[PDB]
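Everything below concerns the one structure shown next.
Values below: every heavy atom of this structure, side chains too, minus hydrogens, waters and symmetry copies. Start at 1 and go down the list; that is how both ligands and their atoms are numbered. Numbers here simply count residues along the sequence, with the first being 1.
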Amino acid sequence: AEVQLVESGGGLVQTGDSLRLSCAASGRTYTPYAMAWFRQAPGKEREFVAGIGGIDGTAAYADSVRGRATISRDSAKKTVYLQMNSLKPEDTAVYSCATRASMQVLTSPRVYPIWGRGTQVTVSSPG
Ligand SMILES: O=C(Nc1ccc(Cl)cc1)Nc1ccc(Cl)c(Cl)c1
């Protein structure tokens, strides 16, 4: 593909912890285009978590992460960040970022042609 995505910043954490995921884009990038984080637990479909697009850096969040997540981008670093706070075991999944040749952020995975590999996020009851 003309753009490659590589996620980092996943981890193994405890309930209540924070993690900052990063998506580093390379190739023929255009930073106002929609960047969308999805997550996928085993057996389950990928679901939208958060996304950013457009000239205002407009953020959209799934109800699942209502009040716990902040998405942002740094155009000079071609990087999108997803800060997740107050993590809980139900958040465990592989998080992957995806992009498409439009500033329009959409919640369907179907409309994104370009995907990263994913990073693992595991949240366990403290111990
Ligand atoms: O480049 C991007 N997205 C992007 C978004 C934010 C940052 Cl910081 C960096 C890159 N998309 C894109 C670009 C070209 C094509 Cl063909 C397609 Cl299909 C998608």
Side-chain angles (χ1 to χ4, degrees):
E2 321 187 74
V3 172
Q4 307 76 42
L5 299 185
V6 182
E7 311 93 332
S8 298
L12 274 37
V13 302
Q14 294 173 274
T15 305
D17 286 348
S18 281
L19 271 186
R20 185 191 197 66
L21 319 184
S22 297
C23 174
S26 62
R28 299 195 42 188
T29 51
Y30 178 62
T31 65
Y33 283 166
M35 277 265 249
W37 288 89
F38 293 80
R39 75 189 181 181
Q40 184 172 20
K44 300 212 226 99
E45 279 230 298
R46 282 186 295 201
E47 59 186 44
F48 181 91
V49 181
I52 188 160
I55 67 177
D56 296 321
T58 303
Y61 302 102
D63 296 311
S64 68
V65 298
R66 180 172 299 224
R68 298 189 294 146
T70 297
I71 189 163
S72 62
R73 75 177 181 235
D74 180 327
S75 288
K77 299 191 205 216
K78 303 166 175 162
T79 300
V80 169
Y81 306 91
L82 184 57
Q83 180 72 39
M84 290 183 306
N85 306 130
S86 308
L87 285 162
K88 75 193 153 193
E90 294 69 25
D91 299 310
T92 302
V94 181
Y95 291 70
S96 55
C97 203
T99 193
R100 67 196 295 261
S102 171
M103 299 195 279
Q104 196 77 227
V105 175
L106 293 173
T107 50
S108 175
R110 307 186 44 242
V111 317
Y112 297 85
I114 296 193
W115 292 78
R117 255 201 175 132
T119 180
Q120 182 63 46
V121 168
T122 300
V123 189
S124 287
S125 298

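Judged purely by distance below 3.5 Å, without hydrogens or angles, the side chains of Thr79 and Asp74 never pair a donor atom with an acceptor atom. Inspection of the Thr92 and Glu90 side chains reveals no N or O donor paired with an N or O acceptor under 3.5 Å. The closest side-chain donor-acceptor pair between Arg20 and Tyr81, if any, does not fall under 3.5 angstrom.
Considering all non-hydrogen atoms of both residues, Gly53 and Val105 come closest at N-CG2, 3.6 Å.
The NZ atom of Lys88 sits 14.5 Å away from atom CG of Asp17, with the distance rounded to the nearest 0.5 Å.
Residues satisfying the side chain to side chain contact (heavy atoms under 4.5 Å, CB included) criterion with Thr107, sequence neighbours excluded, are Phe48.
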List, for ligand 1, each N/O atom that has a protein N/O partner under 3.5 Å away, with both atom names and the distance.
from     : atom 1 : to    : atom 2 : distance (Å)
ligand 1 : 1 (O)  : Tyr30 : N      : 3.0
ligand 1 : 3 (N)  : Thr99 : OG1    : 3.0
ligand 1 : 11 (N) : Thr99 : OG1    : 2.9

